[PDB]
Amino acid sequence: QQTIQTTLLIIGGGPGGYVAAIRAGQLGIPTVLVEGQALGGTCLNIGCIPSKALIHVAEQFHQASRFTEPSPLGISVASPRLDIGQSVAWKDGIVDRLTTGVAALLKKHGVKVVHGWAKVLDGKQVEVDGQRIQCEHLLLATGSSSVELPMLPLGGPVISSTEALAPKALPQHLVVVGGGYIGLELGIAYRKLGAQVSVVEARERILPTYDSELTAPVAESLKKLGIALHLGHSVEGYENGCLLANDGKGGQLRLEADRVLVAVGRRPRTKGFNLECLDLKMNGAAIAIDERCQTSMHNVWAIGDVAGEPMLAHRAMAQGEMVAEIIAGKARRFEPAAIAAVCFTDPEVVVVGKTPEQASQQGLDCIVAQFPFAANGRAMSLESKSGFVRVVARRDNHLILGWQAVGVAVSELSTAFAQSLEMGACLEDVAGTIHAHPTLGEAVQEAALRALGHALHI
């Protein structure tokens, strides 16, 4: 079998990879992508789309479940049933349509996609199931993997995200080790589907990265939903039919769980393929990269999760397309104004830009203003799930530094938050924009009116 020889070789075919490919095919750089498993990556096959699609079928099961009890809406139904086989078959069709479509556009722009795992040989060649492949620029987009707990190997009963996104039956009591977006999005969805759920988390609170003002609405819904919340506890074992966790000094807890879901973090995928043969500078578990996504070895490039830093899909998609353009001549440098973060928890949290905390750390004097959804008509049409919108701005020129929001159907305000920040808006431009009634985004205009000293509905 003979040498394939290209200009751009990309290791990995998830978000970062297939968009570095598609734009390099588009820009006309000879490109080849290696992909061990299936295209789209973690996002399309066992992340992004299958989680948000399970969350949706969990929401529709929950909403027809509440109508067995009296509601102020006057709707009543008997016998809500969920046999998750079909929920999963549904989920799988969607993943299918989307991987298919990524092949189509990779064919369309003509990049050669070779399957099998790639063992690196040097910063120029690679061996994929026998055939060597050489290139001028190597782009690594190997991704990330889930951290395993030493006394709690995955296997059967201990599943990770990947298997939680794939039941053939649902648990009687599921325990969730880790109270970050993966644990919470999955825990809430397991509870609405009908399983009992407890979240065990080793810090003060759920979503410990985020302040308590913001995170507090989510906590209250888990507590409303019947999801126990053993904070301050760390997990030490699972004595066959029972889980044991301890709180630091001396606390107990024997939770009889028959499914545990470790969702304790994500590590850069740097091992198992010969990355170690190369002189690459590191940043903990991840490859160090400069603002041009290049490693310490010249024509080697890293993007997405392997570069650690914020581990999200749109970050990878946006580093891929930028690398592609730099190799093709265009002068670029990844300095976004912010990378929007969204958690599809009930309620949803959205953080885009600086939090108050962060603004203080960097030594800024801030106007921080908030407008709640209980004073919002749209929110009330929607049975609310109260939270608020918060704005953070420079007290001297009102240049907005960040945006955070908590509430029902808030995820789509992120588009607005990100673009206002990409443009360099001040509170004034946001406040002085007519926002349409009745929408949840009226709260964004009012949270900016309040910072300025003149809100109308609070």
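We number the residues from 1 along the sequence you see.
Visitor: Between 147-155 and 114-122, which has the larger average Cα B-factor in the PDB entry?
Guide: 147-155 has the higher mean C-alpha B-factor.
Visitor: Going by the mean C-alpha B-factor recorded in the entry, which is higher: 249-257 or 349-357?
Guide: So the stretch with the higher mean C-alpha B-factor is 249-257.
Visitor: Compare the CA B factors listed in the entry for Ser160, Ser381, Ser87, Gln131 and report the winner.
Guide: By C-alpha B-factor in the record, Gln131 ranks first.
Visitor: Using the entry's values, work out which of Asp305, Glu220, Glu321, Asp365 has the largest Cα B factor.
Guide: Of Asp305, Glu220, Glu321, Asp365, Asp365 has the highest C-alpha B-factor.
Visitor: Taking the chain's C-alpha temperature factors as the reference, tell me which third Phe388 falls into: lowest, middle or highest.
Guide: Within its chain, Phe388 is a lowest-third residue by C-alpha B-factor, going by the deposited values.
Visitor: Name the third of the chain's ranked CA B-factors that contains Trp301, choosing lowest, middle or highest.
Guide: It falls in the middle third of the chain.
Visitor: Splitting the chain's C-alpha B-factors into thirds, which one does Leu452 fall into?
Guide: Highest third.
Visitor: Consider only the C-alpha atoms of the modelled residues in this chain, order them by B-factor as the entry records it, and name the third containing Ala263: lowest, middle or highest.
Guide: Its C-alpha B-factor belongs to the lowest third of this chain's values.
Visitor: Compared with the other modelled residues in the chain, in which third is the CA B-factor of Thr42?
Guide: As the PDB entry reports it, the C-alpha B-factor of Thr42 lands in the middle third of its chain.
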